[PDB]
Amino acid sequence: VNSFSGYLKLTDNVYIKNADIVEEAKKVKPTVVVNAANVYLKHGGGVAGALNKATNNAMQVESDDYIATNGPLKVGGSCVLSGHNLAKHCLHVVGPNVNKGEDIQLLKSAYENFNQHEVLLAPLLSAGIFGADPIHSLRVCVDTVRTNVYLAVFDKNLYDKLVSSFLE
Ligand SMILES: CCNC(=O)Nc1cccc2c1[nH]c1ncnc(NN3C(=O)CCC3(C)C)c12
């Protein structure tokens with residue numbers, strides 16, 4: 001029921017909290033939780049592994065059936081699947097993996113998917129093993145997303161770096 005609490009407002013429509021997205025989803029009951037997916041929807045580590053584990057692997061089973069129909073997602077693309085016990089829906093979004101030579105401009109396309117949903121609980125995209133600059137990723141989010149986004153950033157050092165970038 002979108003019961004967000006304890007977020008710091010960064011812009012008109014972007015909020016941030018130093019929190020685990022899994023625990024946030026369980027307490028907030030969001031309409032949409034965003035997954036930092038790969039193109040095969042193989043949820044083996046990071047946010048993706050944690051979300052899948054919290055669904056007792058139901059997310060992975062569903063993801064495999066979607067991929068059977070779709071083939072791989074495109075970088076910058078997404079799909080809407082069930083949110084299982086975490087949310088009404090999970091929006092699986094593929095940001096570019098710059099560590100693997102993919103183009104950082106597809107981070108714009110990745111965040112543009114958020115505009116198809118009124119309110120989202122989301123992680124930072126193209127971070128972790130994807131290797132993009134995290135301050136840049138937050139800037140792309142702020143400049144691209146116009147619906148309401150609640151960013152959960154679990155790593156304290158990264159959270160602090162991000163919030164510093166909005167200091168007046
Ligand atoms: C109940 C058990 N919960 C868990 O294992 N959760 C869990 C595991 C691993 C990773 C995350 C996580 N939860 C998160 N929430 C938000 N961002 C996350 N990852 N990131 C950061 O922290 C900075 C940027 C990015 C790399 C995306 C994670």
Side-chain angles (χ1 to χ4, degrees), residues 2-11 14-60 63 73 75-79 81 83-87 89-100 102 104 106-114 117 119-145 148-166:
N2 291 332
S3 298
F4 299 96
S5 66
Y7 285 71
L8 181 73
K9 187 174 175 67
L10 294 180
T11 69
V14 180
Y15 301 83
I16 195 168
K17 188 181 184 181
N18 179 205
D20 174 11
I21 198 170
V22 172
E23 289 310 309
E24 284 293 300
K26 288 192 292 189
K27 83 182 73 188
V28 163
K29 299 335 295 147
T31 307
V32 178
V33 65
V34 173
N35 182 30
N38 57 51
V39 296
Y40 297 109
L41 302 184
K42 293 295 184 180
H43 311 302
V47 163
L51 291 171
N52 178 58
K53 185 180 182 175
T55 76
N56 298 292
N57 202 56
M59 174 181 287
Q60 187 65 72
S63 291
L73 279 64
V75 179
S78 73
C79 64
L81 293 178
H84 301 280
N85 57 323
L86 299 180
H89 297 300
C90 179
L91 179 70
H92 297 270
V93 179
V94 182
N97 185 327
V98 304
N99 284 334
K100 298 182 70 69
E102 298 176 350
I104 190 57
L106 298 176
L107 189 58
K108 173 155 226 78
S109 324
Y111 282 115
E112 183 64 41
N113 293 283
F114 290 25
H117 301 281
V119 183
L120 311 90
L121 171 63
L124 194 70
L125 300 180
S126 291
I129 75 173
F130 293 77
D133 181 276
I135 288 170
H136 178 65
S137 182
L138 178 55
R139 178 90 262 156
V140 178
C141 181
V142 156
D143 287 349
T144 308
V145 184
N148 294 321
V149 59
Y150 289 84
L151 293 169
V153 181
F154 192 23
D155 185 276
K156 169 63 173 164
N157 285 338
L158 203 83
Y159 170 86
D160 285 338
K161 206 139 267 199
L162 295 175
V163 169
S164 293
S165 78
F166 279 73

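Throughout, residue positions are numbered sequentially from 1 according to the sequence presented. Order of listing sets the numbers, starting from 1, for every ligand and every atom in it.
Listed for the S137 side chain is a donor-acceptor partner under 3.5 Å among the backbone atoms of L125.
For the ring-ring contact (aromatic ring centres under 6.0 Å, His included) test, no residue two or more places apart in sequence or in another chain qualifies with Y159. The side chain to side chain donor-acceptor pair (under 3.5 Å) test applied to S78 returns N113, not counting sequence neighbours. Remark: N52 pairs with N57 by the side chain to side chain donor-acceptor pair (under 3.5 Å) rule, at least two apart or across chains.
With a 4.5 Å cut-off on side-chain heavy atoms, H92 and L81 count as touching.
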Under a 3.5 Å threshold, I'd like every N/O contact between ligand 1 and protein atoms, with atom names and distance.
residue, atom, partner, partner atom, Å
ligand 1, 3 (N), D20, OD2, 2.9
ligand 1, 6 (N), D20, OD1, 3.0
ligand 1, 13 (N), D20, OD1, 2.8
ligand 1, 15 (N), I21, N, 3.0
ligand 1, 22 (O), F154, N, 3.0
ligand 1, 22 (O), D155, N, 2.8

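No more than 12 heavy-atom neighbours from other residues, nucleotides or ligands sit within 6.0 angstrom of CD1 on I129.
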